[PDB]
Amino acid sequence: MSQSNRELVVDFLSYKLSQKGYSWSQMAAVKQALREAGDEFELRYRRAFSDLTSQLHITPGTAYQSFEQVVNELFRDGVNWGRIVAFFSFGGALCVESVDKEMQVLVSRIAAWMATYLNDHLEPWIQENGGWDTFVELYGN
């Protein structure tokens, strides 16, 4: 119950500060930058590219390594911030299609796969290019 209470407070204060357009922490600023970049990417750029969800055809039998081999296609010509945004959008799309197909049980493993891929394959590039601070500096507020 105590953890739920904390979660209510955090949600309420985040929502209220966001509603006023206030940036209160580097973490909040990174998350806001990513949300907005994903929205812009999905609206106006994603349809130009081959649909990576068509390569995975996620099932409850899909393993991390199958996700990883499909994501490697997105980074076949290297890492940039745009492709990192596209990676988040791809994960978001796997979750949305999972829930659309009455397989919400996949949502938690998709999140773990995304974390694993970021930590294993993108973290060195992120640090080399000024960390998430630079992402916010170029694409945030």
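The term rigid core refers to the maximal set of C-alpha atoms that superpose within 1.5 Å between the two forms. Start at 1 and count along the sequence shown; that's the residue number.
- Here 130 to 138 and 2 to 10 are scored by the root mean square distance of their C-alpha atoms in 4 other deposited structures of this protein, with each structure fitted by the rigid core; the higher score goes to 2 to 10.
- Rigid core fits of the other structures in 4 other deposited structures of this protein place the C-alpha atoms of one stretch farther away on average; of 119 to 127 and 16 to 24, that stretch is 16 to 24.
- For the pair 19 to 27 and 118 to 126, the record assigns the higher mean C-alpha temperature factor to 19 to 27.
- Of the two segments examined, 84 to 92 and 40 to 48, it is 40 to 48 that shows the higher average Cα temperature factor in the deposited entry.
- Residue-level temperature factors show residue 104 in the middle third of its chain, judged at the C-alpha atom.
- In this PDB entry, residue 66 carries a Cα temperature factor that places it within the lowest third of its chain's modelled residues.
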